[PDB]
Amino acid sequence: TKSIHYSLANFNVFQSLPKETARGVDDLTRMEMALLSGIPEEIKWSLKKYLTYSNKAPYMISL
Amino acid sequence: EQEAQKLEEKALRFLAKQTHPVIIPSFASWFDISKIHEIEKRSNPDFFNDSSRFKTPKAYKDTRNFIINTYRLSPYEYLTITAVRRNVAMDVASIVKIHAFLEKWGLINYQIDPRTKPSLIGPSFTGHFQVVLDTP
Amino acid sequence: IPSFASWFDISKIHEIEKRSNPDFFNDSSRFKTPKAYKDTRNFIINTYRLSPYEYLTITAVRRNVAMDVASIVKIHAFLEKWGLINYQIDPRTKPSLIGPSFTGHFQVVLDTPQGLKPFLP
Amino acid sequence: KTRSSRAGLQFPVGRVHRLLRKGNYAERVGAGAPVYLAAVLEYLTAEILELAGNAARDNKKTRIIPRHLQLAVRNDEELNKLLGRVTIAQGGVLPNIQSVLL
Amino acid sequence: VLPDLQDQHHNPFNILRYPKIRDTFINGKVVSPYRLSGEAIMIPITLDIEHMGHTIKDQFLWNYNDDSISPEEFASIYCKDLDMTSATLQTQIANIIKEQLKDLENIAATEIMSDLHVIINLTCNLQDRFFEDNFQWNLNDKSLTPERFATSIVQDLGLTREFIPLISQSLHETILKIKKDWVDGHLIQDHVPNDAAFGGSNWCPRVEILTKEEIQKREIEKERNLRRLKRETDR
Amino acid sequence: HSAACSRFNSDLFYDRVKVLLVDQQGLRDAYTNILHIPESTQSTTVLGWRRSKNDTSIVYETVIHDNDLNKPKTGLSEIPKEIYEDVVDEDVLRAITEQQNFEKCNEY
C-alpha cells in the first residue's frame, strides 16, 4: 500500500510539501498558452473555454 | 552479417534506458531534438538573423538539446540554471532567456504529479510504432 | 584516398581552394601568404599520410605549425569537407563532444485537460 | 658619450666600473661586467620602487616612507627571502595577530 | 555509478540501488518555479565572494549590449538556486558585477581594423587538473570565436564539459588585456615562438597538458613578470 | 619532424578512450544526476515514426535507419553551387553531386 518498494512516490521529502496547485498549468494560463501555439484542434478548445468564460464569469478574463 | 549484429550490440550498449516518464502539457507537443519550430524562431531567442557571431543556430541546438537531454534523463529533479551556466559556455543573458523560454512552454521543470490525472486512449488507436534514428 | 573531387594535387594550387578562403591571396599580411598556405596544406597532408585511419585533430597539427589557429581551423575544415584527409576512418576516433546521453527514443506523454495521453503520431 | 645611454640604462655605468676597479675585487675588469651589474641593480631598484609605490597608493600616500618600503619588502616573498637578515629603520613589523589570541 | 546507460525494469524503484541517486532523495528540497541587440560584445565577469561560512567563486560573460535581465535579477536567481538567499548577498553581487562592467565597458573589439598577431599564453584552473597553454592568436578575425576554440580543445583532449566555460572566459579576459594596451603603445612586433625560415626540434613551448600537482604561484610570478614587462616597452 | 605529429595524434586517442570507456561508460555530471557520455555514440536527428497494423497491445521499439554504411558522411552540404560549379571537369562534378545527393537523401 504505502511503501517505498511498492512505488517511489513519497520517500521522505514530498508527501505533503508540494503545493495544492502542483498539477500543471492553471486553467487560465493553459488557455492563454494553447492559444498562440500553431496546432489546430487545440485552438478549437481554447476558443471554446474562453467562449464559456465569457458567459459564466466574464469578470475573470477581462481585457 | 556479423558486423551488423556487433553494431546493434554496441548501439544498445551506449543507449539511454528510460526509467522515468516525461510529461509535456500537450500544448507544446511540437518539437524534436533535431527540428526548430517557427515558434522557437519568432519567440524571444533571436540567435537567427545573424545579429552576431557568438550566437548561431548551431549554438542554439547545441544548448537546447543539452537542456532537454539533461532534464529528460532525471525528471524528478529540478533544472537549476546555475548548473546549466556552469556547463555551457554561452553568455548569461541568452542562457537565462532560453531557460525561461523552455520553462514557459512546460518543456522543462513542469510541475506535475501523475496521481491526479487518469489514463486514457488517444484518437490514434493501438498499432506498431518505431522510431528511426541516424546511425551513431 | 579520395573517391570524389580528384582535382587536388600537392604540386600546384587549384582554383576551388582559392575561392574557399580568399583572405590568403589578396592580403599583404606578413604572417599570411599563399606560400605559407601551400606549405601548411602540404604539411597537413604529409602528416595525415602516415596513418590514414585516425582522426586528425586541430591541436595535433597545431603542436608544430607556426600559424594562427584562426586560419588553421579554416583550412582544416576545408580538408574534411572534400575527399581530403578525413575520408577513411575508424569508429572510435572522433572529436566526440562529451555531452549528456541522447533523448528522443523515450516515451513522452501529453497532459490533455481531459487526462494523460500517450504521444503517438 | 656616456655608456648608460648606449646600453639603455639609467644607472651610471662609469661609476659602477670605477667602483669595481678601485674595490680590489680583482686585478682586471671586463667591459660587460659593469653594464650587467648596472642592469641587475636597476632591475632590483625598479621592482622595489614599483612595489613601494603600489603600497603607498594603497595607503593613499604619494610619498614613499620607510614603512612603505618595509611593507613592500615583507609582502613579496622573494625580497623577504633575499633581505630576511636585513632590518629596516622606522619600518616596524607587519600586523599579524595569532588565531589563538583573537 | 548513475542509472543512465544501465538497464532498469519498468519499476523505477531499482534506481534506489545507486548511492548518488538516493543522496538527492534523502535530503533534497522542494522548490517553487521562479517567475521572470545589434553587435554583441562579450565581457567576462569574475567574482570571489566570501560572505557566509562558505565562499563562492565563479566566472561568467555578460554581453551587456542587450537588456533582458538586470544585475539584480541575476543575483535573485543565483542565490535562490544556491538556496543562500540573503538581501546582503544579492546586494553584494550587484555591488561587484556592476563595477566590472563599468570598468570594462570602455573597451570593445570594434574599430580595431588592424591585422594583429599575439602569442596568447593563458592558464586555467578549476581547483582540479588545472592547465596552461600558449599558441598563436590573430586579432581582427571573426570566423573563429573563443567558444569554438574551447569546444575544439575540450573535444580533442579527454576533458569534461565544465572546461568549456572555463577556458573561453579566461581567454576573453586575455583578449581584453590585449586590447587594453591597444589604447596606447601597442605596436605589434613579430613575436614568434617557432618557424623554419620566415614568418622545429620539439613542441616543448606548445603544450596543452593537464597537471594535477599545483604550481599555485603564478599569481605573484605573473605580476612580477608583468611589471617588468611593462617597463620594457618604454626603454 | 612531422612523424611526431601523428605520434601525438595517435596516443591522444588512447587517452580519450582511457578516461571514457573503462569507467562506468562515462563521467558523472557532478552538477546533475546525468551520466555524461561522448556524443559520438548515442544518436542524433531522429528521422520520425513508422506505424504498422496490428487488438489491445501497443509496441514501442527503436530502430536505426541508414542508406550506406561504407560511404562515410562528409561535407558538401556547406558548399553552394557558386564556388565549384563554375569550372570543373564533369567527371568529378558528377561524383560531387552524387555524394551530395546521398548526403541529403540519407535524412529522408
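Residues numbered from 1 in each chain as written, not as in the entry; some residues may be left out. Chains lettered and ligands numbered in written order. Part of a larger assembly, values for the part shown. Heavy atoms only, no water. Residues with missing side-chain atoms left out of burial classes, pairs and counts.

Structure determination for this PDB entry was carried out by cryo-EM, with a resolution of 15 Å recorded in the header.

(A) Highlighting the overall build of chain E. Across its full length, chain E holds seven helices and five strands. What you see in chain E, going N to C, is helices and strands ordered as α-β-β-α-α-α-β-β-α-α-β-α. In terms of overall dimensions, chain E is more spread out than a globule: its C-alpha atoms have a radius of gyration of 22 Å, far above the 18 Å expected for 235 residues. (Helix = DSSP H or I, 4+ residues; strand = E, 2+ residues; numbered from the N terminus. Rg over C-alpha atoms; globule rule 2.2 N^0.38 Å.)

(B) Representation of the overall build of chain B. Tallying secondary structure elements over chain B gives five helices and two strands in all. In chain B, the succession of α and β elements from N to C terminus is α-β-α-α-α-α-β. What you see for chain B is a C-alpha radius of gyration of 18 Å, clearly larger than the 14 Å of a compact globule of 136 residues, by over 25%. Of all 136 residues assigned to chain B, the portion counted as buried reaches 61%. Contacts in chain B between residues at least 24 apart in sequence constitute 65% of all its contacts with a sequence separation of at least 6. Summing over all exposed atoms, chain B offers an accessible surface of approximately 5,900 Å²; the carbon and sulfur share of this is 55%. Averaging the locations of the 19 positively and 15 negatively charged side chains of chain B gives two centres separated by 5 Å. (Buried < 20%, exposed > 50% of the residue type's maximum accessible area, 1.4 Å probe, protein only. Contact = heavy atoms within 4.5 Å. Areas by Shrake-Rupley, 256 points an atom, 1.4 Å probe, with all protein chains shown as cover. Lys, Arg positive; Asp, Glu negative; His and termini not counted. Charge placed at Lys NZ, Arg CZ, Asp CG, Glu CD.)

(C) Molecular detail of the packing of aromatic side chains. In this structure the tally under the stated criterion is 22 aromatic pairs over all chains. Between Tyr76 of chain B and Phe25 of chain E, the ring centres sit 5.2 Å apart and the planes meet at 25°, which makes this aromatic pair stacked. Note that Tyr76 of chain B is positioned in the loop between α3 (57–72) and α4 (81–87) and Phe25 of chain E in helix α1 (residues 19–26), a pairing that runs across two chains. Where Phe135 of chain E meets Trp137 of chain E, the ring centres are 6.3 Å apart and the plane angle is 65°; that geometry is what we call edge-to-face. Overall, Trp137 of chain E belongs to the buried group, its relative accessible area being 5%. (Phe/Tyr/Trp six-rings, centres within 6.5 Å; stacked < 30°, edge-to-face > 60°.)

(D) Up close: the interface of chain C and chain F. Contacts between the two partners involve 44 residues from chain C, matched on the other side by 44 residues from chain F. Summing the contributions of chain C and of chain F, the shared interface buries around 3,700 Å²; its carbon and sulfur component is 67%. In terms of surface lost to chain F, no three residues of chain C exceed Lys81, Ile98 and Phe102 of chain C, which account for 16% of the buried area on that side. Here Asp86 of chain F and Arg19 of chain C are joined by a salt bridge, their closest N and O atoms 2.3 Å apart. If you list the elements that add at least two residues to the side of chain C that touches chain F, you get α1 (15–18), α2 (34–48), α3 (58–62), α5 (78–81) and β1 (98–100) of chain C. For the side of chain C that touches chain F, the residue count by class is 20 nonpolar, 16 polar and eight charged. Note that β1 of chain C and strand β2 (residues 35–38) of chain F share three bridges and pair antiparallel. Looking at the pairing, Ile98 of chain C lines up with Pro38 of chain F of β2 of chain F. (Buried area = accessible area lost by both parts, 1.4 Å probe. Salt bridge = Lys/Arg side-chain N within 4 Å of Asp/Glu carboxyl O. Nonpolar A, V, L, I, M, F, W, Y, C, P; charged D, E, K, R; others polar. Pairing = 2+ DSSP bridges.)

(E) Local environment of the packing of helix α2 (residues 13–22) of chain D against helix α3 (residues 32–58) of chain D. All names here are of chain D. Where α2 contacts α3, the two axes come as close as 9 Å, and the packing angle between them is 115°. Between α2 and α3, the crossing angle belongs to the class labelled roughly perpendicular. Crossing angle aside, the handedness with which α2 passes α3 is right-handed. On α3, the residues that touch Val13, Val16, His17 and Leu20 of α2 are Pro34, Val35 and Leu37. Broken down by class, the residue content of the contact of α2 with α3 amounts to six nonpolar, one polar and no charged. (Axes fitted to C-alpha atoms, helices over the stretch in contact; angles between N-to-C directions. Parallel < 35°, antiparallel > 145°, perpendicular 65-115°, else oblique. Left-handed = near helix turned anticlockwise from the far one by under 90°.)

(F) Structural view of the pairing of strand β3 (residues 117–124) of chain E. Residue and element names in this part refer to chain E. Inspection of the sheet shows β3 paired to strand β4 (residues 130–138) by eight bridges, in the antiparallel sense. By the bridge assignment for β4, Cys124 is matched with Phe131. Between β3 and β4, which pair antiparallel one after the other, the connecting turn spans five residues, and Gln127 there sits at a positive phi close to 50°.

(G) Looking closely at a nonpolar patch on the surface. Nonpolar side chains collect at one region of the surface, where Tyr36, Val40, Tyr43, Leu44 and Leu82 of chain D lie side by side and expose about 490 Å² of accessible area between them. Residue contributions to the nonpolar patch peak at four residues, all from α3 of chain D. (Patch = residues over 30% accessible without salt bridge, like charges linked within 9 Å, V, L, I, M, F, W, Y side chains within 5 Å.)

(H) Quick peek at the sheet that holds strand β3 (residues 48–52) of chain F. Strand order across the open sheet formed by three strands is β3(F)-β2(B)-β4(F), with mixed pairing between neighbours. Among the strands making up the open sheet, the edge pair consists of β3 and β4 (59–65) of chain F. Sheet twist, expressed as the mean angle between neighbouring strand axes with direction ignored, is 30°. The pairing of strand β2 (residues 128–134) of chain B with β4 of chain F spans seven bridges and is parallel. Within the sheet, the bridge partner assigned to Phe129 of chain B lies in β4 of chain F and is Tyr60 of chain F.

(I) Summary view of the nonpolar core. In this structure, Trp82 of chain C together with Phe135 and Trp137 of chain E are the most contacted members of the largest nonpolar core, which totals 62 residues. For this core, the element with the highest residue contribution is helix α6 (residues 164–180) of chain E, accounting for five residues. Apart from the residues within four sequence positions on either side, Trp137 of chain E is in contact with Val69 of chain C together with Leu116, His117, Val118, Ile120, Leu144, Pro146 and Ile175 of chain E. Within the second largest apolar cluster, 43 residues are counted, among which are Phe31, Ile67, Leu102 and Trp105 of chain B. (Core = buried A, V, L, I, M, F, W, Y, C linked by side-chain atoms within 4.5 Å.)

(J) View of a positive patch on the surface. All names here are of chain D. A grouping of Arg3, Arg15, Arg18, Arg21 and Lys22 is seen on the molecular surface, where their side chains present a positively charged patch. Residue contributions to the positive patch peak at four residues, all from α2. Topologically, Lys22 is positioned in helix α2.

(K) Layout of the pattern of salt bridges. For the structure shown, the criterion picks out 24 salt bridges over all chains. Its salt-bridge partner being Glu98 of chain F, residue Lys71 of chain F comes within 2.8 Å of it at the nearest N-O pair. Placement of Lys71 of chain F in the loop between β4 and α2 (90–105) and of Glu98 of chain F in helix α2 is noted, with a sequence separation of 27 residues between them. Residue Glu103 of chain F pairs with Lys73 of chain F through a salt bridge whose shortest N-O separation is 3.8 Å. Note that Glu103 of chain F is positioned in helix α2 and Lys73 of chain F in the loop between β4 and α2, a separation of 30 residues in sequence. Taken together, the shared-partner salt bridges connect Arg30 of chain A, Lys117 of chain B together with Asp111 of chain C into one network.

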